[PDB]
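Participant: Keeping their order, the protein sequence lines are chains K and A. Residue numbering for the first sequence is 195 to 291, as defined by the entry's author numbering. Residue numbering for the second sequence is 22 to 437, as defined by the entry's author numbering. I have a structure here, written as structure tokens, and I will follow up with some questions on it.
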Amino acid sequence: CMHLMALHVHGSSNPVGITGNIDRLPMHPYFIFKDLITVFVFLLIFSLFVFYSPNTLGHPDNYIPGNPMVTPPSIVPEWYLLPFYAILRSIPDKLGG
Amino acid sequence: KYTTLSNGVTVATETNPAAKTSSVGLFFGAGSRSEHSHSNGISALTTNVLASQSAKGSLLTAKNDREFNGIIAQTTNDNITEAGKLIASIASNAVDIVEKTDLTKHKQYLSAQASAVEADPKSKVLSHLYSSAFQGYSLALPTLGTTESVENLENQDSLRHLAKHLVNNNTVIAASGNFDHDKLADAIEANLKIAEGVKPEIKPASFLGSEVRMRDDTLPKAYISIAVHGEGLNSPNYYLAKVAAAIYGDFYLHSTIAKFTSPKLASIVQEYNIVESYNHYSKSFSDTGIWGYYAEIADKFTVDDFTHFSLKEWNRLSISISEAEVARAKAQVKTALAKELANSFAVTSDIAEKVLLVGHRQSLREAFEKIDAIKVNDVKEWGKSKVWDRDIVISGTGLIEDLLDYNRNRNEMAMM
Ligand code: HEM
């Protein structure tokens, strides 16, 4: 909500970068029906994942109940946190990491 | 009363003993609608040249309408016959008058007029609305032409225009006032001598929903206009279209009756003073029309609110118009028709327009009888057919930043 307030105070930018004030459009007939294209594409891909191969993004080892006495061969976060995890390992010092 | 003289020209007169002044004029159809982009404004220039001739005491004026043109010689009743001869002469020597004419001065006059219609905000808005609505066809052209096209006209162009359009089959002598019709007809017959020719084919035109925005932020108001494909002079809904327009009627915020005018839109727009003024109209051409409103909004932040409320009130046309509104509209349209037909100049112009463009003129009593036959269900049927959910043409001049683009206003035409 705070994000949307800070967006509404000054509006959104443009692919051209220049000021949009010269030509601005309402949102109900425009960019709500573009929002619907984007939403339905999102849901279509989301269905291709959820219904078909839903565990592709996850890691199989997560289906083995947690056991502190046996560490798995490798520890990786869920995919979207992998970059930062990599950074964490790039720095030797733990505090540095 | 009608009399077809020799040459086949028709003299149509509406004589009334109570007329204050008399008028007689020759109209030869073929206004701007008969022109094309390169030679636009030639009809107005030719009519101005003819009307600039010596008046012999009468008042010779040019008409310059969209679809027809003519020269009208107003004069007191007893002088009418003389005026008759005058215009007859002016039209029997039209080619000579044009040839001997230095079009310079007349062209600066016509350019001044064309600038005038491009400065008066309502004239500019309505001209742009007509141009965009019928874009691609001759009917889109200005009545008086553009400043760019007027300066490019020459005598040979006017001569060709006269030869094509100033023919017996395409010309009518209209008259009104207090005089004997036979005397005027005889006086004109002895003096009228114009070339033979077939009535020029009237060019086609088709409405096209469109939007034109001349946003000038330097103006003090927002002059907008919104209209749908109306009813032409031929359509039997003509008076029905006028009744539908009058249902919403006029409004001027600063007028005393602004707080008491019947139309619901007037009461709606005065709550926050959304609009400064507006007027609903049903412009009717020979075969097509524009039915809508013009409006001037002072507060630049309320153009969208006015458009929303006006189009909602239009939506009411097909659902919820009451017998009170229909009766008021009928009475107001009858009164407006009778007002438009008081001045002898207006009566002559009306006779010429009708006789040229529809061939027959319905007397005022016949028009009253036709209007009084309208019921509320007829108005709602017309609203369903022509107003409900039909494409609109829009125009705006200044401070129209708040005039939301087409789709908003167009979708307002069908939401309940
Ligand atoms: C639930 C998460 C979020 C929501 C619902 C959200 C909401 C929105 C919305 C509705 C817009 C306008 C549409 C658009 O410009 O794409 C927008 C734009 C934006 N998003 Fe977000 N946002 C979220 C997270 C983020 C994050 C994490 C960042 C950056 C770290 C971010 C940066 C921006 C910026 C800078 C804009 C303005 C774009 C522009 O004006 O060009 N947003 N956001």
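Positions of the beta carbon are idealized from the N, C-alpha and C atoms, including for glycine.
In angstroms with no decimal places, state the Cα-to-Cα distance between residue 156 of chain A and residue 416 of chain A.
Facilitator: When rounded, the distance between both Cα atoms is 13 Å.
Participant: Less than 9 Å between CB atoms is the rule here; does residue 224 of chain K satisfy it with respect to chain A?
Facilitator: Residue 224 of chain K counts as touching chain A.
Participant: Under a CB-based cut-off of 9 Å, is residue 237 of chain K close to chain A?
Facilitator: No, residue 237 of chain K lies away from the interface with chain A (no Cβ there is under 9 Å from its Cβ).
Participant: Please classify residue 162 of chain A: does DSSP put it in a helix, a strand, or coil?
Facilitator: Correct three-state label for residue 162 of chain A: coil.
Participant: When the cut-off is 9 Å and only beta carbons count, does residue 230 of chain K lie next to chain A?
Facilitator: With 9 Å as the cut-off, residue 230 of chain K does not count as an interface residue toward chain A.
Participant: Could you confirm whether any beta carbon from chain A is found closer than 9 Å to the beta carbon of residue 275 of chain K?
Facilitator: It does not; no Cβ of chain A falls within 9 Å.
Participant: Since residue 429 of chain A meets chain K, which of its residues come closer than 8 Å, beta carbon to beta carbon?
Facilitator: In chain order: 220, 222 and 223.
Participant: Closer than 6 Å by C-beta to residue 409 of chain A: which residues in its own chain qualify, once you throw out the five before and the five after it? Chain order, please.
Facilitator: Once the five neighbours on either side are set aside, the close Cβ partners of residue 409 of chain A are 339.
Participant: Using a Cβ-based criterion (distance less than 8 Å to any ligand heavy atom), does residue 201 of chain K qualify as near the ligand HEM?
Facilitator: Checking the Cβ of residue 201 of chain K against the ligand HEM gives yes.
Participant: Look up residue 219 of chain K in the DSSP assignment and say whether it is helix, strand or coil.
Facilitator: Coil.
Participant: Checking contacts by CB at 9 Å: is residue 426 of chain A closer than that to chain K?
Facilitator: Taking Cβ atoms only, chain K reaches closer than 9 Å to residue 426 of chain A, which makes this a yes.
Participant: Going by Cα to Cα distance, which pick from A/101, A/116 and A/315 is closest to residue 216 of chain A?
Facilitator: It is A/116.
Participant: Any heavy atom of the ligand HEM closer than 8 Å to the CB of residue 284 of chain K?
Facilitator: Residue 284 of chain K: no, Cβ never under 8 Å from the ligand HEM.
Participant: Pick out whichever of A/393, A/367, A/430 and A/424 has its Cα sitting closest to the Cα of residue 92 of chain A.
Facilitator: The candidate whose alpha carbon is nearest that of residue 92 of chain A is A/367.
Participant: Could you check if residue 95 of chain A is buried or exposed, using at least 16 other CB atoms within 10 Å of its CB as the buried criterion?
Facilitator: Flag for residue 95 of chain A reads buried.
Participant: From residue 113 of chain A to residue 63 of chain A, what distance separates their C-alpha atoms?
Facilitator: Whole-angstrom Cα-Cα distance: 19 Å.
Participant: One question on the structure: do residue 304 of chain A and residue 291 of chain A come within less than 9 Å of each other, judged by their Cβ atoms?
Facilitator: Not a contact, by the Cβ cut-off of 9 Å.
Participant: Please report the residue range of the beta strand (DSSP E) in which residue 438 of chain A lies.
Facilitator: Residue 438 of chain A falls outside the range modelled here, since chain A spans only 22 to 437, and no answer is possible.
Participant: Does the distance from the C-beta atom of residue 218 of chain A to that of residue 195 of chain A stay below 9 Å?
Facilitator: No. Outside cutoff.
Participant: How many angstroms separate the CA atom of residue 285 of chain A from the CA atom of residue 257 of chain A?
Facilitator: Those two C-alpha atoms are separated by around 27 Å.
Participant: If I measure Cβ to Cβ from residue 261 of chain A and keep anything under 8 Å in the same chain, skipping five residues before and after, which residues do I get?
Facilitator: Hits under 8 Å: 252, 395, 399, 400 and 403.
Participant: Shorter than 8 Å, the distance from the beta carbon of residue 222 of chain K to the closest heavy atom of the ligand HEM, or not?
Facilitator: No, Cβ of residue 222 of chain K sits at least 8 Å from all heavy atoms of the ligand HEM.
Participant: Evaluate the contact criterion for the stretch 197 to 214 of chain A versus the stretch 32 to 48 of chain A: three or more CB pairs, one atom per stretch, below 8 Å.
Facilitator: Touching, yes.
Participant: Helix, strand or coil for residue 206 of chain A, going by three-state DSSP, please let me know.
Facilitator: Helix, per DSSP.
Participant: How would you list, in chain order, the residues of chain K whose beta-carbon sits under 7 Å from the beta-carbon of residue 432 of chain A?
Facilitator: Going along chain K in sequence order, the residues near residue 432 of chain A (Cβ under 7 Å) are 223.
Participant: Heavy atom of the ligand HEM less than 8 Å from the Cβ of residue 205 of chain K, yes or no?
Facilitator: Residue 205 of chain K: yes, Cβ under 8 Å from the ligand HEM.
Participant: Unbroken beta strand (DSSP E) runs of length 3 or more, entirely within the stretch 269 to 327 of chain A: which are they?
Facilitator: Runs of the beta strand (DSSP E) inside the stretch 269 to 327 of chain A: 271 to 273, 298 to 305 and 310 to 318.
Participant: Taking the alpha-carbon positions, what's the residue 273 of chain K to residue 280 of chain K distance?
Facilitator: For residue 273 of chain K and residue 280 of chain K, the distance between alpha carbons rounds to 11 Å.
Participant: Can the beta-carbon of residue 246 of chain A be found closer than 9 Å to that of residue 147 of chain A?
Facilitator: Cβ distance < 9 Å, so residue 246 of chain A and residue 147 of chain A count as in contact.
Participant: Report the rounded CA-to-CA distance for residue 405 of chain A versus residue 125 of chain A, giving the unit in angstroms.
Facilitator: Rounded to the nearest angstrom, the two C-alpha atoms are 51 Å apart.
Participant: Could you name the residues of the same chain whose beta carbon sits closer than 7 Å to that of residue 97 of chain A, not counting the 5 residues immediately before and after it, in chain order?
Facilitator: Counting only Cβ-Cβ distances below 7 Å, and skipping sequence neighbours, we find 42 and 43.
Participant: For residue 397 of chain A, tell me which candidate among A/355, A/423, A/274 and A/348 has the shortest Cα-Cα distance.
Facilitator: When only C-alpha atoms are compared, the closest one is A/348.
Participant: Can we count residue 275 of chain K as close to the ligand HEM, meaning its CB is less than 8 Å from some heavy atom?
Facilitator: Residue 275 of chain K: no, Cβ never under 8 Å from the ligand HEM.
Participant: Check whether the Cβ of residue 301 of chain A lies closer than 8 Å to any heavy atom of the ligand HEM, and answer yes or no.
Facilitator: No, the Cβ of residue 301 of chain A stays beyond 8 Å of every heavy atom of the ligand HEM.
Participant: Output needed for residue 50 of chain A: all residues of its chain with C-beta closer than 6 Å, excluding positions within five of it in sequence on either side, in chain order.
Facilitator: Cβ neighbours of residue 50 of chain A beyond the five flanking positions: 89, 191 and 377.
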